[PDB]
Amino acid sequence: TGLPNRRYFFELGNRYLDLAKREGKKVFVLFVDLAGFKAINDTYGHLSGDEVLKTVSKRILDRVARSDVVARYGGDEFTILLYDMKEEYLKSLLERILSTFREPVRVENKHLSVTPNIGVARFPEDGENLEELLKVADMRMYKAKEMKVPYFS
């Protein structure tokens, strides 16, 4: 995928929060869960599930700003960090990300489907560190997941 991991996300993440604390800005933390992924690998194997992960990554990467931090958390999960962005930018970004996953992923001669579920947290309101914000965002994506809605902010 080329996408960074949990450890990188955490280092950049907290620096972004330190910077926001000093500049008096907000930070949005998105927790993206792609349901249908545990079923893809358990049916088509790792290569197919990995090719879907590569498409998913490129799709997120192409839609975020240059200064936005995208990383893969683990399994069905990706994290996005937005430093000092308007709520309008967020609503639009969520819509454009959800729109991409309406398109079943073409891997080989297969047409694989993933459903997106996104939770949002805001710094400072939801927490003072990345671990706290991710748990709020994870709780909110799980609320969205169980409610059968695309996103919860």
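One rule holds for the numbers: they count along the sequence shown, beginning at 1.
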Quick one: say whether 107-115 or 52-60 has the higher mean Cα B-factor in the deposited entry.
-> 107-115
Mean C-alpha B-factor higher for 84-92, or for 123-131?
-> 123-131
Comparing residue 69 with the other modelled residues of its chain, is its CA B-factor in the lowest, middle or highest third?
-> lowest
Chain thirds of CA B-factor: placement of residue 35 | middle
Sort the modelled residues of this chain by their C-alpha B factor and say whether residue 43 lands in the lowest, middle or highest third.
-> highest
If you rank the chain by CA B-factor, which third does residue 19 end up in: lowest, middle or highest?
-> middle
Would the CA B-factor of residue 136 place it in the lowest, middle or highest third of its chain?
-> lowest
